[PDB]
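Take a look at this single chain, the form deposited in one PDB entry, given in structure tokens.
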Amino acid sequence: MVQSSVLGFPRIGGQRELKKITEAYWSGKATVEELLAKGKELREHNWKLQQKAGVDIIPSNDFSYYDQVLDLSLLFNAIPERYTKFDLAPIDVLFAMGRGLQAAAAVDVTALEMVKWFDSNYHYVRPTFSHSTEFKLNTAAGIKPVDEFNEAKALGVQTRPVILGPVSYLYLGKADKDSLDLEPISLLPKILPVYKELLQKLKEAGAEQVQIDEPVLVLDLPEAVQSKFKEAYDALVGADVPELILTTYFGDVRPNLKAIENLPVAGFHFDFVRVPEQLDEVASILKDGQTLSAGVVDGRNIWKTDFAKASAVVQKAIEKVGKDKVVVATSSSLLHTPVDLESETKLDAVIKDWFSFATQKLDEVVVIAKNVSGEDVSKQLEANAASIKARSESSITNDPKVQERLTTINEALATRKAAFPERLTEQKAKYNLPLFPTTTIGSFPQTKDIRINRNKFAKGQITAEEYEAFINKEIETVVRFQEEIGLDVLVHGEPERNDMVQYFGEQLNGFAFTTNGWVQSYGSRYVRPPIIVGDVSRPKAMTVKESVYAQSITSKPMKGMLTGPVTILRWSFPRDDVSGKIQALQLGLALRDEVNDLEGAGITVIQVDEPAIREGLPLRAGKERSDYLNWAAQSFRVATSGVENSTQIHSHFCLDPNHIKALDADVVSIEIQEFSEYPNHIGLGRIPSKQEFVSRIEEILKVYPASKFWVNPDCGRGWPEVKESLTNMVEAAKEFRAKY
């Protein structure tokens, strides 16, 4: 009776087939026909998987060779002129937009901007519009949503096409360089007819419903934008188009409820995983006949769903609007979860019992739907209940030492021993750095020997002492190089690290890792996030050995290098049974031990980077957001406040000055008015010349005092350019030292 629904399925393939074939295509190893054949294979496999699982509402158009939002831009002719000048077929225009284009003498067409999709770890290609943009359907390039619907239909699988809706599509885009005064939303009248035509075509092909995504409804929207949903949907809905299910996820639509209370659409979908508390209010506005899709299986995390609790949420929706009008759904697309738990070859059976990946989530929505339908699934419910009980009663989750340590967090634990003014004095006495001190921010070009030796070491073919000796040689090389250039504060190059999250996660209690838990991050770049399964602590030193060796071969101060607690949290799959805050503070305490060990070992300049802070900002202004900024900065300060005044804490940023200031780092490298009343120091970041450098500093000298300025590159190119560049930077910095 009650139907089940999936908002989208990850398209990468259980064996990363999509990556392999698209990268072969781009490198010229595979033909476009081979590319298209593999896409067809993947789509068919994924449709039949969903059909076999018993899912009622199965998506189409969720597939992509690169990005769904980019697919729409191609479909609607939101294609900037510069991409159209190379005689490229539409699929190659698509790829040109997504990943740029190089050509012989000399073309260097840059890809469109990559943008985080809300607070997920996915990135979309920014829709880019000009005054001259002529929205239209390009039939010769084929009409993807229509072709894919027909494709699935021919396999005996009826699907629901998924398209990003017109308000979100425009609102999430930006004005192109030539049209700086253009407001994207202003283009609504031009794009609606094109949506209308596409929907007509989908109807004619046999599509009876369409999932139309309007996730901007979970954002703070100006009143003027809110009015556009009525405008848009009155224009789209009619007898000649499929029924529309207006779909939201990742947040709370309540602030925008009036915007959608009088729409002619056939139904809505809401995310009751992220915001179950919005159920009553959103249900209350449903018109006669409109349906409510209850998102109760998480599309962004990997924990087995509690069937009893999820069913109860669905039952509340039923109580409000009727069993005939409720659908059991994934909370969002499954794009953000790995493909298949069954591919894992190493996880203990106890832990695996706690997880569900995309393939398993198909079974979950089906069982939940059957349960609320009155069908006997007592066996599935008992087994699920057993697994939930098992995880709950585990010990790998609960560490008494960690819990006790959490109670010790207080203001003093989150505060340096003295304010920056007093610290600076001790730091000057210890380091006596010159004005305009020079440093770098990250890694260097690693040799191929490093990868080969790492591989041999992992197989025992070389001994730890051999590998360690190769690592140190790489460190020695990097260090000597910097000394010759005359940099003031050095780094070791991190040759021993493969990733800035897993390198730490592997050395922390409370984490689990997958062999195949891949999730698409952007284009063909995938990530395999660590999973936080329980209370986190750090048994022993994680980075000290290599930093100590690096410092032992130079008299210049050597930077220790760490990733901060919030970034480790944001780039992992978090626990769902304890708050993000608590996990971050546990991480802060674990990292505090590492900072302390580095200091104790003589590494007294330490860089701790938090590149994921902005990405985890709660989607709306308010209590959740301000609390987040507070505990994110608190967790950083917990990691970094155990040190002496003479010990120097750095942090790099690629932002809200107020939050930066809240970290109280001694030095922060960034890529300024508010920083005028701020003591702590700042490092301001094609081949640059000494004079080209001299101009930049002179300008900034008009604002910030010379006494607060470090000199470094923008962020972490080849060896010849890295040499001259750095040599140019330092020679330049020295030139400003002469004037003092």
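One-based numbering along the sequence shown. We call the rigid core the largest set of C-alpha positions that still match within 1.5 Å between the two forms.
As for the form deposited with a small molecule bound, it is not shown, yet the points below apply to it.
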Check: Just to confirm, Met561 within 4.5 Å of the small molecule in the deposited complex by heavy atoms?
Finding: yes
Next item on the list: May I ask you to state whether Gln226 is within 4.5 Å of the small molecule in the deposited complex, using heavy atom distances?
Entry: no
Check: Even though the small molecule is not shown here, does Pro574 get within 4.5 Å of it in the deposited complex, heavy atoms only?
Finding: no
Notebook entry, point to check: Wondering, does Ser443 line up within 4.5 Å of the small molecule in the deposited complex on heavy atoms?
Noted result: yes
Notebook entry, point to check: Within 4.5 Å of the small molecule in the deposited complex, heavy atoms considered, which of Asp71, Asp340, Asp609, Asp664?
Noted result: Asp609
Check: Just one of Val372, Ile260, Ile660, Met500 has a heavy atom within 4.5 angstroms of the small molecule in the deposited complex, so which one?
Finding: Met500
Check: Which single stretch, out of 434-442, 627-635, 482-490, 361-369, brings residue heavy atoms within 4.5 Å of the small molecule in the deposited complex?
Finding: 434-442
Item checked: Comparing forms between this form and the one not shown after core superposition, the one residue of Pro574, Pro242, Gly267, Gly442 displaced by 2 Å or more at CA -> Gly442
Note to self: Relative to the superposed rigid core, does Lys702 relocate between this form and the one not shown - that is, does its Cα move 2 Å or more?
What the structure shows: yes
